[PDB]
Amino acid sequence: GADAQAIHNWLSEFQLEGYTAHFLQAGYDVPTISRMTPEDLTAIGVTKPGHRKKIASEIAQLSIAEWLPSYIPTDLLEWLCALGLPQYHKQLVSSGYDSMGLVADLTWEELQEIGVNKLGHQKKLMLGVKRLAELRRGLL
């Protein structure tokens, strides 16, 4: 099972499961499927036009923002969402930490007056910051 189950469910919603194995063999998972084109479907063997047409249409309705499967937060809100901390966004922005590049240099001391007061939230965040800086340094 796993993403097999997720795909098979999705496909089942319109009786086109049975194509499940196609997506698996090609190493697709739901979030990636969401970004397929028709040519992509053709390429993985969805060749019958009736079905390709349908599945494509069904894919344009698909949800999934956006940093899945990759797990690379491009922007601050995304990042705070992964970390499960979105309630702090507006505080951060009011205090001038409004981008990835900027949060990367957030420091422990700014923590009050920004108003993250729960200590597990402080720790979670500061760990994220730490790793984030580490990752940037990782480019040079």
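Counting begins at 1, following the sequence as shown.
In this crystal structure, the stretch out of 61 to 69 and 92 to 100 whose C-alpha atoms carry the higher mean B factor is 61 to 69. Which of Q87, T107, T32, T42 has the largest Cα B-factor in the deposited entry comes down to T107. For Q15, the recorded CA B-factor ranks within the highest third of the chain. Only modelled residues enter the ranking.
Sorting the modelled residues of the chain by their CA temperature factor places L127 in the middle third. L24: CA B factor in the lowest third of modelled residues in this chain (values from the PDB entry). Sort the modelled residues of the chain by CA B factor and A82 lands in the highest third. Annotation for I114: CA B-factor lies in the middle third of the chain's modelled residues.
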